[PDB]
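Structure file run21.csv (CSV, C-alpha atoms) follows.
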```csv
chain,number,residue,atom,x,y,z
N,58,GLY,CA,5.7,9.4,3.5
N,59,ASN,CA,6.9,6.0,2.6
N,60,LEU,CA,3.5,5.7,0.8
N,61,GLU,CA,0.7,8.2,0.3
N,62,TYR,CA,-3.1,8.7,0.4
N,63,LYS,CA,-4.7,11.6,-1.5
N,64,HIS,CA,-7.1,14.0,0.1
N,65,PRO,CA,-8.7,16.9,-1.8
N,66,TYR,CA,-6.9,19.4,0.5
N,67,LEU,CA,-3.5,18.2,-0.5
N,68,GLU,CA,-3.5,18.8,-4.3
N,69,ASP,CA,-4.0,22.0,-6.2
N,70,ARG,CA,-6.9,22.7,-8.6
N,71,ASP,CA,-7.6,25.6,-10.9
N,72,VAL,CA,-8.7,28.6,-8.8
N,73,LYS,CA,-12.2,29.8,-9.8
N,74,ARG,CA,-13.0,31.6,-6.5
N,75,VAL,CA,-11.2,32.1,-3.3
N,76,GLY,CA,-11.9,32.3,0.5
N,77,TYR,CA,-10.5,34.5,3.2
N,78,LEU,CA,-10.5,34.1,7.0
N,79,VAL,CA,-10.0,37.7,8.2
N,80,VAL,CA,-8.8,38.3,11.8
N,81,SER,CA,-9.5,41.7,13.3
N,82,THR,CA,-9.5,43.2,16.8
N,83,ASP,CA,-12.6,43.8,18.8
N,84,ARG,CA,-11.4,47.1,20.4
N,85,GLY,CA,-10.2,50.4,19.2
N,86,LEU,CA,-7.0,52.4,20.1
N,87,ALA,CA,-4.9,49.7,18.5
N,88,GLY,CA,-3.4,52.3,16.2
N,89,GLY,CA,-2.9,51.4,12.5
N,90,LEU,CA,-3.3,47.7,13.1
N,91,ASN,CA,-6.6,47.0,11.5
N,92,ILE,CA,-6.4,49.3,8.5
N,93,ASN,CA,-3.0,48.2,7.3
N,94,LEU,CA,-4.3,44.7,7.3
N,95,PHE,CA,-7.6,45.5,5.5
N,96,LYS,CA,-5.8,47.6,2.8
N,97,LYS,CA,-3.3,44.8,2.3
N,98,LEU,CA,-6.2,42.5,1.9
N,99,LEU,CA,-8.2,44.7,-0.4
N,100,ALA,CA,-5.2,45.1,-2.7
N,101,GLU,CA,-5.0,41.4,-3.2
N,102,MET,CA,-8.7,40.7,-3.5
N,103,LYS,CA,-8.6,43.4,-6.2
N,104,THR,CA,-5.6,41.6,-7.8
N,105,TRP,CA,-7.6,38.4,-7.8
N,106,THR,CA,-10.8,39.8,-9.2
N,107,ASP,CA,-8.8,41.4,-12.0
N,108,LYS,CA,-8.6,37.7,-13.1
N,109,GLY,CA,-12.3,37.1,-12.9
N,110,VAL,CA,-12.3,35.1,-9.7
N,111,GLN,CA,-14.6,36.0,-6.9
N,112,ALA,CA,-13.9,36.2,-3.1
N,113,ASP,CA,-15.7,34.9,-0.1
N,114,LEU,CA,-15.1,36.4,3.4
I,3,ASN,CA,1.2,-59.2,-10.4
I,4,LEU,CA,-0.7,-57.6,-7.5
I,5,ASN,CA,2.1,-55.5,-6.2
I,6,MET,CA,2.1,-53.0,-9.1
I,7,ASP,CA,-1.6,-52.4,-8.6
I,8,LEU,CA,-1.1,-51.0,-5.2
I,9,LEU,CA,2.4,-49.4,-5.4
I,10,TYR,CA,1.3,-46.5,-7.6
I,11,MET,CA,-1.6,-45.6,-5.3
I,12,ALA,CA,0.7,-45.8,-2.3
I,13,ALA,CA,2.9,-43.3,-4.2
I,14,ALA,CA,0.2,-41.0,-5.6
I,15,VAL,CA,-1.4,-40.4,-2.2
I,16,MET,CA,1.9,-39.3,-0.8
I,17,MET,CA,2.6,-36.9,-3.6
I,18,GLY,CA,-0.9,-35.4,-3.9
I,19,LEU,CA,-0.9,-34.7,-0.2
I,20,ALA,CA,2.6,-33.1,-0.4
I,21,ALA,CA,1.3,-31.0,-3.2
I,22,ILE,CA,-1.7,-29.8,-1.3
I,23,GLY,CA,0.4,-28.9,1.7
I,24,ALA,CA,3.2,-27.1,-0.2
I,25,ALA,CA,1.0,-25.1,-2.4
I,26,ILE,CA,-1.4,-24.0,0.3
I,27,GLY,CA,1.3,-23.0,2.7
I,28,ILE,CA,3.4,-21.2,0.2
I,29,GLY,CA,0.4,-19.2,-1.0
I,30,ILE,CA,-0.6,-18.3,2.6
I,31,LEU,CA,2.9,-17.0,3.1
I,32,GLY,CA,3.3,-15.3,-0.3
I,33,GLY,CA,0.1,-13.3,0.1
I,34,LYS,CA,1.3,-11.7,3.4
I,35,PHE,CA,4.6,-11.0,1.7
I,36,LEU,CA,3.1,-9.3,-1.4
I,37,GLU,CA,0.6,-7.1,0.3
I,38,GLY,CA,3.3,-6.1,2.7
I,39,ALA,CA,5.5,-5.1,-0.2
I,40,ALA,CA,2.8,-3.0,-1.8
I,41,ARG,CA,2.7,-0.9,1.3
I,42,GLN,CA,6.4,0.0,1.3
I,43,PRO,CA,8.4,-0.5,-1.9
I,44,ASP,CA,12.1,-0.2,-1.2
I,45,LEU,CA,11.2,-2.5,1.6
I,46,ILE,CA,10.7,-5.1,-1.1
I,47,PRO,CA,14.2,-6.6,-1.0
I,48,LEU,CA,14.4,-7.1,2.7
I,49,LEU,CA,11.0,-8.7,2.8
I,50,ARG,CA,12.0,-10.9,-0.1
I,51,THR,CA,15.1,-12.0,1.8
I,52,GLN,CA,13.0,-12.9,4.8
I,53,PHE,CA,10.3,-14.6,2.6
I,54,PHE,CA,13.1,-16.8,1.2
I,55,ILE,CA,14.2,-17.5,4.7
I,56,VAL,CA,10.7,-18.7,5.7
I,57,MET,CA,9.8,-20.6,2.5
I,58,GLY,CA,12.7,-23.0,3.2
I,59,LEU,CA,11.0,-24.3,6.3
I,60,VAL,CA,7.7,-24.8,4.5
I,61,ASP,CA,9.1,-27.0,1.8
I,62,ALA,CA,10.9,-29.4,4.1
I,63,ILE,CA,8.4,-32.2,4.9
I,64,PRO,CA,6.6,-32.0,1.6
I,65,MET,CA,9.9,-32.5,-0.2
I,66,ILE,CA,10.8,-35.4,2.0
I,67,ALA,CA,7.5,-36.9,1.0
I,68,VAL,CA,8.1,-36.2,-2.7
I,69,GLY,CA,11.5,-37.9,-2.4
I,70,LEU,CA,9.9,-41.0,-0.9
I,71,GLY,CA,7.2,-40.9,-3.5
I,72,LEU,CA,9.8,-41.1,-6.2
I,73,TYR,CA,11.6,-43.8,-4.3
I,74,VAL,CA,8.5,-46.0,-4.3
I,75,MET,CA,7.5,-45.3,-7.9
I,76,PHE,CA,11.0,-46.2,-9.2
I,77,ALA,CA,12.9,-48.1,-6.5
I,78,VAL,CA,10.0,-50.5,-6.0
I,79,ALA,CA,7.3,-49.9,-8.6
```

If you took the structure in this file and wrote it as C-alpha coordinates, what would it be?
Amino acid sequence: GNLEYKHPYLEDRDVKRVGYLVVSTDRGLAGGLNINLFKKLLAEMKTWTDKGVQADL
Amino acid sequence: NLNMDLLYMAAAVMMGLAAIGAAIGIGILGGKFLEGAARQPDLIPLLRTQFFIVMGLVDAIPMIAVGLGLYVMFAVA
(Lines of atoms letter the chains of each structure in order from A and count residues from 1; the text may use other names and numbers.)
(Lines give C-alpha, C1' and ligand atoms only; values in the text may rest on other atoms or scores of the structure.)
Protein backbone atom coordinates (compact mmCIF):
# COMPACT_ATOMS: atom_id res chain seq x y z
CA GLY A 1 0.00 0.00 0.00
CA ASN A 2 1.09 3.53 0.81
CA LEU A 3 4.04 1.78 2.49
CA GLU A 4 5.16 -1.83 2.80
CA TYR A 5 6.40 -4.56 5.09
CA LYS A 6 8.11 -7.64 3.69
CA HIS A 7 7.18 -11.17 4.70
CA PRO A 8 8.87 -14.24 3.20
CA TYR A 9 5.58 -15.29 1.63
CA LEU A 10 5.43 -12.15 -0.51
CA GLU A 11 8.66 -12.33 -2.52
CA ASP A 12 9.96 -15.00 -4.85
CA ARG A 13 13.04 -17.12 -4.37
CA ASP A 14 14.76 -19.70 -6.54
CA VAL A 15 12.75 -22.92 -6.63
CA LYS A 16 14.74 -25.90 -5.37
CA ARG A 17 11.74 -28.03 -4.39
CA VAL A 18 7.98 -27.62 -4.50
CA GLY A 19 4.89 -28.54 -2.50
CA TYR A 20 1.41 -29.61 -3.57
CA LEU A 21 -1.88 -29.63 -1.67
CA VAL A 22 -3.95 -32.20 -3.55
CA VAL A 23 -7.74 -32.27 -3.17
CA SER A 24 -9.53 -35.51 -3.97
CA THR A 25 -12.94 -37.00 -3.37
CA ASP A 26 -13.67 -39.58 -0.70
CA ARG A 27 -16.23 -41.50 -2.75
CA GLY A 28 -16.37 -43.32 -6.05
CA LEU A 29 -18.82 -43.01 -8.92
CA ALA A 30 -17.61 -39.46 -9.55
CA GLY A 31 -16.70 -40.36 -13.12
CA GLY A 32 -13.42 -39.11 -14.51
CA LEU A 33 -13.00 -36.45 -11.86
CA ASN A 34 -10.09 -37.76 -9.82
CA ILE A 35 -7.99 -39.21 -12.62
CA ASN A 36 -8.10 -36.18 -14.89
CA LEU A 37 -6.79 -34.18 -11.94
CA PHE A 38 -4.13 -36.69 -10.97
CA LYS A 39 -2.82 -37.00 -14.51
CA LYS A 40 -2.75 -33.23 -14.94
CA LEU A 41 -0.74 -33.13 -11.72
CA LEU A 42 1.64 -35.93 -12.66
CA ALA A 43 2.43 -34.25 -15.96
CA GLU A 44 3.59 -31.10 -14.16
CA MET A 45 5.39 -32.86 -11.34
CA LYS A 46 7.23 -34.61 -14.17
CA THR A 47 7.89 -31.29 -15.91
CA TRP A 48 9.33 -29.94 -12.66
CA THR A 49 11.51 -32.93 -11.83
CA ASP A 50 12.88 -32.68 -15.36
CA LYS A 51 14.60 -29.60 -13.87
CA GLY A 52 16.04 -31.46 -10.89
CA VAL A 53 13.54 -30.11 -8.35
CA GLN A 54 11.74 -32.48 -6.00
CA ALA A 55 8.07 -32.50 -5.00
CA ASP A 56 6.35 -32.86 -1.63
CA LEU A 57 2.71 -33.92 -1.38
CA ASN B 1 28.59 52.43 36.95
CA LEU B 2 26.45 49.74 38.60
CA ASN B 3 23.71 49.67 35.95
CA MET B 4 25.82 47.98 33.27
CA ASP B 5 26.72 45.20 35.70
CA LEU B 6 23.09 44.07 35.96
CA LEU B 7 21.61 44.97 32.59
CA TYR B 8 23.37 42.22 30.68
CA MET B 9 22.35 39.54 33.17
CA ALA B 10 18.79 40.86 33.01
CA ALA B 11 19.06 40.34 29.24
CA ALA B 12 20.89 37.01 29.10
CA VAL B 13 18.38 35.33 31.39
CA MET B 14 15.56 36.35 29.06
CA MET B 15 17.33 35.16 25.95
CA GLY B 16 18.60 31.87 27.37
CA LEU B 17 15.13 30.97 28.59
CA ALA B 18 13.63 31.86 25.22
CA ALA B 19 16.25 29.65 23.58
CA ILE B 20 15.47 26.68 25.81
CA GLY B 21 11.77 26.98 25.14
CA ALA B 22 11.96 27.52 21.40
CA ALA B 23 14.43 24.73 20.74
CA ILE B 24 12.67 22.16 22.91
CA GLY B 25 9.21 22.89 21.55
CA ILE B 26 10.32 22.95 17.93
CA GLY B 27 12.11 19.64 18.36
CA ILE B 28 9.15 17.97 20.05
CA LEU B 29 7.01 19.08 17.11
CA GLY B 30 9.51 18.26 14.38
CA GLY B 31 10.00 14.73 15.61
CA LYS B 32 6.31 13.93 15.27
CA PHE B 33 6.38 15.58 11.86
CA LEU B 34 9.34 13.58 10.59
CA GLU B 35 8.36 10.11 11.73
CA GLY B 36 4.93 10.82 10.31
CA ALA B 37 6.50 11.64 6.96
CA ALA B 38 8.58 8.46 6.95
CA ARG B 39 5.35 6.47 7.15
CA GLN B 40 3.74 8.00 4.09
CA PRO B 41 5.92 9.87 1.61
CA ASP B 42 3.77 11.88 -0.79
CA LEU B 43 2.05 12.93 2.38
CA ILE B 44 5.25 14.89 3.06
CA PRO B 45 4.09 18.19 1.49
CA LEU B 46 0.75 18.35 3.29
CA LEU B 47 2.40 17.53 6.61
CA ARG B 48 5.08 20.14 5.98
CA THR B 49 2.38 22.71 5.29
CA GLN B 50 0.71 21.88 8.59
CA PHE B 51 4.04 21.81 10.42
CA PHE B 52 4.73 25.34 9.22
CA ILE B 53 1.26 26.26 10.44
CA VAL B 54 1.97 24.96 13.91
CA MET B 55 5.56 26.20 14.21
CA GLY B 56 4.34 29.77 13.91
CA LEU B 57 2.49 29.50 17.20
CA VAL B 58 5.49 28.03 19.01
CA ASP B 59 7.86 30.87 18.12
CA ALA B 60 5.58 33.67 19.34
CA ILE B 61 6.42 34.26 23.01
CA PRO B 62 10.08 33.24 22.67
CA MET B 63 10.45 35.81 19.90
CA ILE B 64 8.72 38.53 21.91
CA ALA B 65 11.23 37.74 24.64
CA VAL B 66 14.16 37.89 22.22
CA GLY B 67 12.97 41.26 20.97
CA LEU B 68 12.86 42.59 24.51
CA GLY B 69 16.26 41.09 25.23
CA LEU B 70 17.69 43.05 22.31
CA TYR B 71 15.84 46.13 23.53
CA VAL B 72 17.48 45.92 26.94
CA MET B 73 20.92 45.06 25.59
CA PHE B 74 20.95 48.05 23.23
CA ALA B 75 18.17 50.51 24.12
CA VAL B 76 19.39 50.51 27.73
CA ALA B 77 22.68 48.67 28.10

Would you kindly report the residues of chain I within 12 Å of chain N, using all atoms listed in the file, as a count of residues only?
8

CA of residue 67 in chain I to CA of residue 52 in chain I: how many Å, to one decimal?
24.9 Å

Given all atoms listed in the file as the counted atoms, nearest of N:88, N:83, N:74, N:65 to residue 107 in chain N
N:74

Expressed in Å to a single decimal, how great is the separation between CA of residue 4 in chain I and CA of residue 75 in chain I?
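That distance, rounded to one decimal, is 14.8 Å.
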
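The interatomic distance for the pair CA of residue 101 in chain N and CA of residue 70 in chain N works out to 19.6 Å.
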